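See below for the structure under consideration.
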Amino acid sequence: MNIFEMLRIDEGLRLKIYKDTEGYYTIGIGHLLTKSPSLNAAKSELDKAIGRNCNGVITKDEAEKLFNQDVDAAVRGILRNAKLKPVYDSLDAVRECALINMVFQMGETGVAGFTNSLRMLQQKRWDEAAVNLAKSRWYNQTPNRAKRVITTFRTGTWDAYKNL
Ligand SMILES: [Cl-]
Ligand SMILES: [Cl-]
Ligand SMILES: [K+]
């Protein structure tokens, strides 16, 4: 298991524009197009991202390419973030994926708001961090995914993603 497989499981894959759990236009593997409620806006954003007239639909290759770029950006974002980098550096390779997962989902800013949780992870207080992470809108809005990620932080293993 690796970050790609992990995110592919949590985001799924759709080749046509769809609305994500918050109602935002998305495509591919969780690639957010826009927060605007205009399908047209979303359609423009798509073409611009892909570089051709897609008319709302893309290929699997295209989805995967968007996917590589998005993981890359999440990582680069974590590294450029003064609150995130220290944490990520302190973490083992499995747990780092859990952090990348959150940033992919919520963005650099959102995660950086989990201040108390971030400190607990840095101190390696796994159970305490897991409880803290659960006291969030994120857990309440997407509990199954949040469970998987928190379990990953808690255990250092891929158990939560095995048998999926
Ligand atoms: Cl893009
Ligand atoms: Cl969920
Ligand atoms: K590390």
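Ordering of the structure tokens sets the chain letters (A, B, ...); residue numbers start at 1 within each chain; ligands are numbered from 1 in the order shown.
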All residues within 9 Å of ligand 1 are required, counting only C-alpha atoms and all ligand atoms; please report them as a list in words. residues 31, 33, 45, 46, 48, 49, 50, 66, 69 and 70 of chain A
Within-9 Å residues of ligand 2, basis only C-alpha atoms and all ligand atoms, as a PyMOL selection string: chain A and resi 10+21+139+141-148
Ranking A:98, A:111, A:13, A:82 by minimum distance to residue 63 (chain A) and counting only C-alpha atoms, which one comes first?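 Among the listed residues, A:13 lies closest to residue 63 (chain A).
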Residues up to 8 Å from ligand 3, counting only C-alpha atoms and all ligand atoms: could you list those as number ranges by chain? A: 88-93, 96
For the residues in the current selection, export C-alpha atoms as an mmCIF file, in the first residue's frame.
```cif
data_model
loop_
_atom_site.group_PDB
_atom_site.id
_atom_site.type_symbol
_atom_site.label_atom_id
_atom_site.label_comp_id
_atom_site.auth_asym_id
_atom_site.auth_seq_id
_atom_site.Cartn_x
_atom_site.Cartn_y
_atom_site.Cartn_z
ATOM 1 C CA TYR A 88 5.557 15.393 8.662
ATOM 2 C CA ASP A 89 9.283 15.148 9.253
ATOM 3 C CA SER A 90 8.712 13.520 12.636
ATOM 4 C CA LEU A 91 6.413 10.876 11.247
ATOM 5 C CA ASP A 92 7.177 7.325 9.951
ATOM 6 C CA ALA A 93 6.362 6.539 6.311
ATOM 7 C CA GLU A 96 3.022 10.473 6.664
#
```
Per DSSP on the backbone, what are the helix (DSSP H, G or I) residues of region 114-154 of chain A, as a ChimeraX atom specification? /A:115-122,126-134,137-141,143-154
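Residues with any atom within 6 Å of region 154-160 of chain A, counting only C-alpha atoms and excluding same-chain neighbours fewer than 6 positions away, are residues 94, 95, 126, 127 and 148 of chain A.
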Include N, CA and C atoms and write out the residues we just selected as a PDB file, in the first residue's frame.
```pdb
ATOM      1  N   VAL A  94       4.317   5.390   7.008  1.00  0.00           N
ATOM      2  CA  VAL A  94       2.897   5.085   6.920  1.00  0.00           C
ATOM      3  C   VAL A  94       2.105   6.261   7.410  1.00  0.00           C
ATOM      4  N   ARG A  95       2.468   6.751   8.581  1.00  0.00           N
ATOM      5  CA  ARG A  95       1.736   7.865   9.141  1.00  0.00           C
ATOM      6  C   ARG A  95       1.805   9.116   8.273  1.00  0.00           C
ATOM      7  N   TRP A 126      -0.261   8.764  20.153  1.00  0.00           N
ATOM      8  CA  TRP A 126      -1.214   8.240  19.164  1.00  0.00           C
ATOM      9  C   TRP A 126      -2.661   8.168  19.616  1.00  0.00           C
ATOM     10  N   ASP A 127      -2.914   7.594  20.760  1.00  0.00           N
ATOM     11  CA  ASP A 127      -4.308   7.482  21.133  1.00  0.00           C
ATOM     12  C   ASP A 127      -4.863   8.840  21.433  1.00  0.00           C
ATOM     13  N   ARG A 148     -10.693   5.786   8.906  1.00  0.00           N
ATOM     14  CA  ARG A 148      -9.576   5.104   8.281  1.00  0.00           C
ATOM     15  C   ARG A 148      -8.290   5.875   8.465  1.00  0.00           C
TER      16      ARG A 148
END
```
Residue with smallest distance to residue 133 (chain A) - pool A:119, A:79, A:161, A:150, counting only C-alpha atoms: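 Residue with the minimum atom-to-atom distance to residue 133 (chain A): A:150.
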